[PDB]
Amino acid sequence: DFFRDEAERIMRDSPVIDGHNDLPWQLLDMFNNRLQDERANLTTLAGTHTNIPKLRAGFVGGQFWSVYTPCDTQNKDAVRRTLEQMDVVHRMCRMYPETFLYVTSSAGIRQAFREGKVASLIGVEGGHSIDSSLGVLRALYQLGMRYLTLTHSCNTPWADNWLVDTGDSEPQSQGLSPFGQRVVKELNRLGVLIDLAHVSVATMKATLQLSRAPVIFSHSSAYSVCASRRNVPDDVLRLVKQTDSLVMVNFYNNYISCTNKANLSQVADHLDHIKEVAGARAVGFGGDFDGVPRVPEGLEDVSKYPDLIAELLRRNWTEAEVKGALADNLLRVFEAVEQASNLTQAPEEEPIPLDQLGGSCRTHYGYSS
């Protein structure tokens, strides 16, 4: 088709940078992170939405690999598992160097594009990965973390998750607690993209007001099209336009069609809506591949991106608009996050009040007066 051909033509110049793929999670679940297991070979990997040949077929040039540890690891082994997940991403890049180029900056993604490699970054899904520690935060930064999803589907002691909006969770921090605000201040200082997927509206609003840099939704869709609280409402979409932020669209069926069944066209509806309310520069891709049980007809795996782009061209999106959705909006936001960082500025060191630390799996050294 003419649109598919144009899609590929454009994608050769502007490869897609996806904001959220949970392949690392599958590697842990399926092989206990044993990359040498021949069943785990990435050139032939089956049973997942992602593998090397599929990535190449979908013209994927950049990928924020999700370093995710479940909510039940909070106040348990969340920090240990986050390190192991970041480790599996590091090893993956070193194991398939002909394919992946591990990067931690916007300039780095651009170099990957020049080299014909899949720029590979790390996105930490859930603030429970830092265990309310500014020191652990900086450590994750040093290890490659380039975005932090403030919460997953559970509250941290300083940020509220989306389930607060469905009543399944209590509004603990009413957005961001004072420590949570220092976390935003710290993420801003370091140059880490703040990610609002999985958080509550109050947390979305608090962050869009508080952050000194544009923020992202690594894998969130349009609430107007599908009223899932994992999706973004119009008033927030307006804040996204105001701050020049970015919503990277999630392909999960139940967030797209609000039911188990969904198709490629319905994803373009979310894209259209985000483009109309938040603006064309606020649109991106955050498929949630390998993180969801259901993906749309036409978007069975990571090789289907050109078909989604072809559809956007069919709906009259201009080349500039699809190039922005593909990679340029993410790059603009990433560069702004880097410009707004201040590594010379003294790091945030005021800890979270002891009465706010939860669980029965810690000790209280340092805390006294």
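Residues carry their position along the shown sequence, with the first being 1.
On average the C-alpha atoms of 273-281 have higher B-factors than those of the other stretch, with 185-193 and 273-281 being the two compared. Once the C-alpha B-factors are averaged per stretch, 216-224 and 75-83 rank with 216-224 first. Out of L45, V67, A310, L330, it is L45 whose C-alpha atom has the highest B-factor in the PDB entry.
Of the residues listed, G286, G180, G127, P171, the entry assigns the biggest Cα temperature factor to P171. When the CA B factors of the chain's modelled residues are split into thirds, the value for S132 lands in the lowest one.
Sort the chain's modelled residues by C-alpha temperature factor and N21 lands in the lowest third, per the entry.
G298 sits in the middle third of its chain by CA B factor, as recorded in the PDB entry.
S257: CA B factor lies in the highest third for its chain, per the PDB record. Among the modelled residues of its chain, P97 has a C-alpha B-factor that falls in the middle third, as given in the PDB entry.
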